[PDB]
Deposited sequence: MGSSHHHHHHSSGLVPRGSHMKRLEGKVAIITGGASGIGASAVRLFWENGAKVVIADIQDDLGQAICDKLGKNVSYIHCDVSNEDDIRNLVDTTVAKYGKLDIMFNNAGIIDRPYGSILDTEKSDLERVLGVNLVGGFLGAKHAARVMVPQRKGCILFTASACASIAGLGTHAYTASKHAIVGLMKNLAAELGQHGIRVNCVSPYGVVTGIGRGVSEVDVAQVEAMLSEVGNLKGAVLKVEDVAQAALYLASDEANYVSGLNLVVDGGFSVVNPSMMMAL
């Protein structure tokens, strides 16, 4: 016997056509939610719609464009009459690694535009429709890089810290309206180095791990969870193992 942990819920998932987003689309759909996929990869997005069927729709959305975000939220509410979950998952990386001496102003702005501005716009317009409902859940995909240095580039790390901080500040403002705000912060595998240097040996981060954290946070199981940075990194961001490794 099985259960639908999101029955009747309406969820928007940016970056939903691939990776963590698509995993969360499939999982939310499995748990009875109507899912709006928001992305810029129309071929992938529409394919998920054809696979899963009527409860899933695709909308082209550049999250850095406020008009796209407005259309995304407004057509979803028009379609389904309500918005329960805004999952600002879309993200990009400027580089795997690199020095501050070599970062370009334009790359930093591109990473900020998608990661921070997009999540900001997504939260603004979800709050726009959620506040009159007196209920809702706003989620962000942050990153373990927001909890510890040495995991990402300076631009990416700065952008993800900003998301976590935006998360806490929105939980403070929107709590008065019954709206919960949280984020999920994964380690890697958005495997070789990650699994070897990771803290939890014998485990590997899979996209489903992030989706399942988002599912918990988005469900009524998390009815009193707000302001939480739900880190999914096997404990990587709580340790500096330089001593253990040298003992």
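Unmodelled regions of the deposited chain sequence (numbering from residue 1, in sequence order): 1-18, 209-223.
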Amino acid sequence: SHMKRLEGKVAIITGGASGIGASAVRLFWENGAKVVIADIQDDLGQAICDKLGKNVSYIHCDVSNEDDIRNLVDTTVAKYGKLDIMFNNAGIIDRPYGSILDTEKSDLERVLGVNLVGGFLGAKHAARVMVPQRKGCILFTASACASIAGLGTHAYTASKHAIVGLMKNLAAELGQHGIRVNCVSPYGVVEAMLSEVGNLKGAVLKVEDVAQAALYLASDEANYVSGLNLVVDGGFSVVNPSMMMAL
From here on, numbers count along this sequence of modelled residues.
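2-10 and 237-245 differ in mean CA B-factor, and the higher of the two is recorded for 2-10.
Taking only CA atoms, the mean B-factor in the PDB entry is higher for 204-212 than for the other of 177-185 and 204-212. The residue among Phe120, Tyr156, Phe140, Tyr97 whose C-alpha carries the highest B-factor in the deposited model is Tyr97. In this PDB entry, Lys105 carries a Cα temperature factor that places it within the highest third of its chain's modelled residues. Among the modelled residues of the chain, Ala172 sits in the lowest third by CA temperature factor in this PDB entry. For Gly152, the recorded CA temperature factor ranks within the middle third of the chain's modelled residues. Residue-level temperature factors show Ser219 in the lowest third of its chain, judged at the C-alpha atom. Ranked against the other modelled residues of its chain, the C-alpha B-factor of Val225 as given in the entry falls in the lowest third.
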